[PDB]
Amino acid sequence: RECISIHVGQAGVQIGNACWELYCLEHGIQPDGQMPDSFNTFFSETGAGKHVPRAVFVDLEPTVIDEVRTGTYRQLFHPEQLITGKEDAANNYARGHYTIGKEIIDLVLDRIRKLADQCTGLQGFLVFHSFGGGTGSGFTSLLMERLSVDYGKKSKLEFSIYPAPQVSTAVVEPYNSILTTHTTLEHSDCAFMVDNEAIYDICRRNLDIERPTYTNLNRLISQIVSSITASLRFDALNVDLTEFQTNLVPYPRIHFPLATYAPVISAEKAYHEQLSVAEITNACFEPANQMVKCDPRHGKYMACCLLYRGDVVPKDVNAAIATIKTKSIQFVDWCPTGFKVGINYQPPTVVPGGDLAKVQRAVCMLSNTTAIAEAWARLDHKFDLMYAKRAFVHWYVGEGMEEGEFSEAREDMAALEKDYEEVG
């Protein structure tokens, strides 16, 4: 039951690097594919013992993927599944979607088909990309449109980097974010947003890093991705991509679960006291541990999954949940108040060059809360400020896009925010 991971643009590629770095360590696969199988969902096996990720890396310029081709994992991936153009999208969604992106889209789909043809029962795709980049936004939306046509019954899941000014390199990222969300909403089944500012604060407050790098952010992001995808790579809950939709998305447009992760401990605190199931469960309802800055106390929950990893006894989870039920988290009246629970008994893994301490118990909570609409409103407000003066719009109109798509996208967002308000 195979899953293909696709990584688009700089953010998507570099987070892909971290994710597969963690995957290999968690499964005992060396950087050359050799291993001294549940993970066959994510790795094919050649007739020589080589375990190869079912993964594609795509960018419109070469320098980020060129590092994959020469780095520690230069022999892990299919070389033909590392695909680059020459001229990037210049932080312009229109270029990623309409002009530059179409020069390479057919090659990317033919290479994905090569992976797909090696699958006996393809479940679908995991797509990693930024909101703010021209490629992460434009080429991802183009790829999703094409994948829905060519793989009509396959699921598509998203890991999407929500922009933050602290590490932002483009004033137009609010445009690209709204444009890509408008054209992707129909084609994505479930999308896990990661707010760069949330990861930034965690690295500063929990890991004691003054100026977090992209490497620091990405090893922390890969830890949350890994806890989310472990059910697909190991043996109960969220066993296939469709089950993500069943458990987390009762309402098809409201498909943006909030991820919360605990504990996050600095590697300098190797001998920290070990937190109990109850303590790490309690930490899932502390806003400091959320992947998106918002306030679930002012929202309503539509679904809630708890994915535990490590030395975790089910009765201790059940007692910890009982506390949570009877102590201001509100569910909507049309879904079960219950909490779905997955337990992976493998100890959580940490990259040797990482900033995290080893922990005996970890948990990632995935909750579909209307409170995440606050993150949409922040982006939409920044969109409105610029578009009211038509600032930067000429760059997009000159690259194969019509100006009416701006307001068509913004009206979709307004309706999405309306969907959150009606449910909440």
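Residue numbers here begin at 1 and follow the sequence given.
> In the deposited sequence, how many residues between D235 and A236 have no modelled coordinates (none, 1 to 3, 4 to 9, 10 or more)?
Per the deposited record, the segment joining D235 and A236 lacks coordinates for 1 to 3 residues.
> Does the deposited sequence hold unmodelled residues between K327 and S328, and if so, how many: none, 1 to 3, 4 to 9, or 10 or more?
Gap size class: 1 to 3 residues without coordinates, per the record.
> Mean C-alpha B-factor higher for 398-406, or for 13-21?
Result: 398-406.
> If you average the CA temperature factors as listed in the entry, which stretch comes out higher, 269-277 or 78-86?
Taking the mean B-factor of the alpha carbons in each, 269-277 is higher.
> Hey, out of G132, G354, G96, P314, whose CA B-factor is highest in the deposited coordinates?
Spelled out: the listed residue with the top C-alpha B-factor is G354.
> From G310, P257, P174, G121, can you pick the one with the highest C-alpha B factor in the entry?
It is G121.
> Splitting the chain's C-alpha B-factors into thirds, which one does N368 fall into?
Lowest third of the chain for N368's C-alpha B-factor.
> Where does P165 sit by CA temperature factor within its chain: lowest, middle or highest third?
It falls in the middle third of the chain.
> Check where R146 lands among this chain's C-alpha B-factors and tell me if it's the lowest, middle or highest third.
Its C-alpha B-factor belongs to the middle third of this chain's values.
> Based on the entry's values, in what third of the chain does the Cα temperature factor of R390 lie: lowest, middle or highest?
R390: CA B-factor falls in the lowest third of its chain.
> Give the position of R204 by CA B-factor within its chain, expressed as the lowest, middle or highest third.
Answer is highest: the recorded C-alpha B-factor places it there.
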